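Values quoted throughout were computed directly from the atomic coordinates according to the rules given, and no laboratory measurement underlies them. Cβ atoms come from the backbone with ideal geometry, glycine included; neighbour counts cover every protein chain shown.
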Amino acid sequence: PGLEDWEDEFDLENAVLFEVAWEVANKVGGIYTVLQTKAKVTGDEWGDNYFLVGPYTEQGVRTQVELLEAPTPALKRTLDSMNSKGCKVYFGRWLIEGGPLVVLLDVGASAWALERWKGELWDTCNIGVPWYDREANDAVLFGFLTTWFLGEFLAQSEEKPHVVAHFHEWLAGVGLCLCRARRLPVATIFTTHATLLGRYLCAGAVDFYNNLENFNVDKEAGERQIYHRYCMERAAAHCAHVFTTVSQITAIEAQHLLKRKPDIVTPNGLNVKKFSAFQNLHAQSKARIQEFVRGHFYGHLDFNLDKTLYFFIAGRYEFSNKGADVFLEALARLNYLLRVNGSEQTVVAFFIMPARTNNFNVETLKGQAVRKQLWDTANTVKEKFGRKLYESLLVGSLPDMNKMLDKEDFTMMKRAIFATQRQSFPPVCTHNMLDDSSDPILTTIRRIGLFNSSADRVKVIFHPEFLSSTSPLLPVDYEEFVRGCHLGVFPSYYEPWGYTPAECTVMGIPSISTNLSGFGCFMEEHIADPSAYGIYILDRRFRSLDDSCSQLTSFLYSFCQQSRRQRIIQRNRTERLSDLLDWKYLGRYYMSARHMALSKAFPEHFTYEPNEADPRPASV
Amino acid sequence: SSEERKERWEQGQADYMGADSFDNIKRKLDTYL
Ligand SMILES: O=P(O)(O)OC[C@@H]1O[C@@H](O)[C@H](O)[C@H](O)[C@H]1O
């Protein structure tokens, strides 16, 4: 389909690009995966002219960085001068899929120059940094060393090439500000993945999404003592040849907060080849989740397991940001509706959110051991029955069915039966809370009244611990378990881009998101009639909370009323949707951003035609 | 004025209604572009 070499035929000649980011070869956040995935295609387009600028960490260099010698004499002399001037910079490869060249800068080896660098920064842009941040000083040092390295590289080259600088986050924006300050012949691109004040204002302040035009950012930066971070972020955003954002919602957020409309939007992608390794895997995962729910619900298995649906929500433990309260309230409403209608369907909800636990509870382990004992007894009895039937059937005689069970088989069956006796109800959580009184999820469940009762048609399972293949009760990784679920509900409120819903959708599981996330807006914009492809968008921007909850309840009820053939068709449609989120297509927006940057920086040599051409209308 | 404003910068008391507002940084920065 649409490859990188479609329509951007451009004279690249002697051009070098720097992918400056604070997290390269240092796993801190989530856009680490974005850089790791984009590196392969970007380097394939760029050949050997792709560099990454980032801080040095002993752990990172020990685990995934292989030190090497730089291939050009210019890098040799720049590194020699850089080490001989009182700093400490190393060179090597990044041990990832693409294997790009990396320069690592040790911010701890330049503490002597912070006093003069702060003064120069203030004399250049009137930016001050308080002494107690311990993070902004690191950003300032990283920017100073980055701009000094760029200046030395351009100055010491016999022939000056076209250098492109690309920064990603406000810990690196000081470098962009300084390189623009010193009038270096460089093309600067600034891309933001999350507004700094967005996270601060969403928590505490109410109706942050209904008051964008009524926010005078200066004060809100003032009272929180994050004024200087916003100052450098906004300054770096302003003095950029090309300004870029990751999603539309963040685009409006930056426009109303950073006071600059982003020129191009660049969604985050991923490599679909590794995830693709498609119904056998889902069937196996569903069967083993059936095994798990049989283990947990021993002694209360009064509902058909062929008409049960599995819902799940995952991510970091943010009750409000992920909208778990909305999901719980809508689950209660759906339980009420199903109980009224007298339906045979059952909904089992999973909640994978980290919490502060110590160990498992006795009930879950007891149930799992009981299930294992029942399975073993059934296997032993069925093996004996099969052997007896085979031997009695070779002699051409009908099996006398009343004599295939003897004393010890009855003893084992009886032991199993008394093992499956229980008077209480299955627990709603599989661990022991250390803050059970202050837990919001459990408090909400208690308020809405879901205790896995016999009459309840909706079951709630809370699994705080990270999902691992070595777990005593769920020995499975995140990917395989997600593959088997029926639907993924993410009623998020504030999220610049949804990594988890993207992973769910690329997997081929129908998902529910909001118009309030980058993924939701991307899907809504790039396809028509999204409901047919297994994606349901919750309108949260132009609606109240009760409206958002009723709509989500209606979506869930509509999903629960679908027949098996309808579910199969919807699942096939969502299967044939993974290629929209791969870097093979999403990498073109970054390339267009680069072309804009070169056109702005060197209009004499480069000229760009503003082509914004780039699709899935319908299937029924 | 200059030195005392610089001090208020490191100790972090910014008069963001007036001289320490981002507008001054804007009019200083816009000359370089
Ligand atoms: O016979 P083909 O045209 O090669 O198609 C065979 C395809 O191989 C793999 O891609 C998957 O197993 C597909 O589910 C299957 O349809």
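Restricting the first member to the stretch A:421-437 and to residues that are part of a loop (DSSP other than H, G, I, E, B), and the second to residues that are of a type in the set (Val, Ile, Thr), the beta-carbon pairs closer than 8 Å and six or more apart or on different chains are A:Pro427/A:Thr364; A:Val428/A:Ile445; A:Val428/A:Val460; A:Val428/A:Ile461; A:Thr430/A:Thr364; A:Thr430/A:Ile461; A:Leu434/A:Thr357.
Filtering A:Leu184, A:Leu176 for residues that are more than 26 Å from the chain's Cα centre (by Cα), within 13 Å of chain B (Cβ to nearest Cβ), surrounded by fewer than 20 Cβ atoms within 10 Å (Cβ to Cβ) and not hydroxyl-bearing (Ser, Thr, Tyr) leaves a single hit, A:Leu184. Restricting A:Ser437, A:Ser397 to residues that are closer than 30 Å to A:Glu329 by Cα and not aliphatic (A, V, I, L, M) narrows the list to A:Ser437.
Okay, residues lined up against (1) of a type in the set (A, V, I, L, M, F, W, C); (2) loosely packed, with under 15 Cβ neighbours inside 10 Å:
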site	(1), (2)
A:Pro267	no, no
A:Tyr298	no, no
A:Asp302	no, yes
A:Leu305	yes, yes
A:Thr308	no, no
A:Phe311	yes, no
A:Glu344	no, yes
A:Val348	yes, no
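Per the listing A:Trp46, A:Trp22, the residue uniquely farther than 26 Å from A:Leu141 by Cα and aromatic (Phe, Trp, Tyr) is A:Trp46.
Screening the stretch A:115-131 for residues that are under 20 Å from A:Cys239 (Cβ atoms) and more than 10 Å from chain B (Cβ to nearest Cβ) and picking the one that is surrounded by the fewest Cβ atoms within 10 Å (Cβ to Cβ) gives A:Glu120. For beta carbons closer than 6 Å, sequence separation of 6+ or different chains, a first residue in the stretch B:10-32 that is facing chain A (nearest Cβ under 8 Å) and a second that is of a type in the set (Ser, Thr, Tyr), the qualifying pairs are B:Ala14/A:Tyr227.
Report those helices (runs of 4 or more DSSP H) wholly inside the stretch A:209-288 carrying at least 1 residues which are within 11 Å of another protein chain (Cβ to nearest Cβ). I'd like the intermediate steps shown before the answer.
Values: elements: A:217-223, A:227-238, A:248-257, A:272-276.
In the stretch A:209-288, A:217-223, A:227-238 are the helices (runs of 4 or more DSSP H) which contain 1 or more residues that are within 11 Å of another protein chain (Cβ to nearest Cβ).
Annotation note: Cβ proximity below 6 Å between a residue of the stretch A:188-203 that is surrounded by 21 or more Cβ atoms within 10 Å (Cβ to Cβ) and a residue that is part of a strand (DSSP E or B) and among the hydroxyl-bearing types (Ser, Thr, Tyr) (sequence gap 6+ or interchain) occurs for A:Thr191/A:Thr244; A:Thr192/A:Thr245. Of all residues in the stretch A:47-78, those satisfying the criterion of being among the hydrophobic types (A, V, I, L, M, F, W, C) and either more than 21 Å from A:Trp22 (Cβ to Cβ) or touching a helix residue (DSSP H, G or I) at 6+ places or on another chain (Cβ under 6 Å) (or both) are A:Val53, A:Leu68, A:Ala70, A:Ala74, A:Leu75. Considering (1) surrounded by fewer than 19 Cβ atoms within 10 Å (Cβ to Cβ); (2) assigned to a strand (DSSP E or B), the lone condition that A:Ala455 does not fulfil carries the number (2). Scanning the stretch A:554-587 for residues that are among the polar types (S, T, N, Q) and more than 25 Å from the chain's Cα centre (by Cα) turns up A:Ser554, A:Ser558, A:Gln561, A:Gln562, A:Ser563, A:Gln566.
Per the listing A:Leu442, A:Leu450, the residue uniquely part of a helix (DSSP H, G or I), under 25 Å from A:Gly315 (Cβ atoms) and not charged (D, E, K, R) is A:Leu442. Scoring A:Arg387 on the criteria (1) in a helix (DSSP H, G or I); (2) touching a helix residue (DSSP H, G or I) at 6+ places or on another chain (Cβ under 9 Å); (3) over 26 Å from A:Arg288 (Cβ atoms) leaves a single failure, condition (2).
Among the candidates A:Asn210, A:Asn216, the residue that is of a type in the set (S, T, N, Q) and touching a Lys or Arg at 6+ places or on another chain (Cβ under 9 Å) is uniquely A:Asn210. Where helices (runs of 4 or more DSSP H) fall entirely within the stretch A:1-91, those with at least 1 residues that are under 18 Å from A:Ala593 (Cβ atoms) are at A:31-46.
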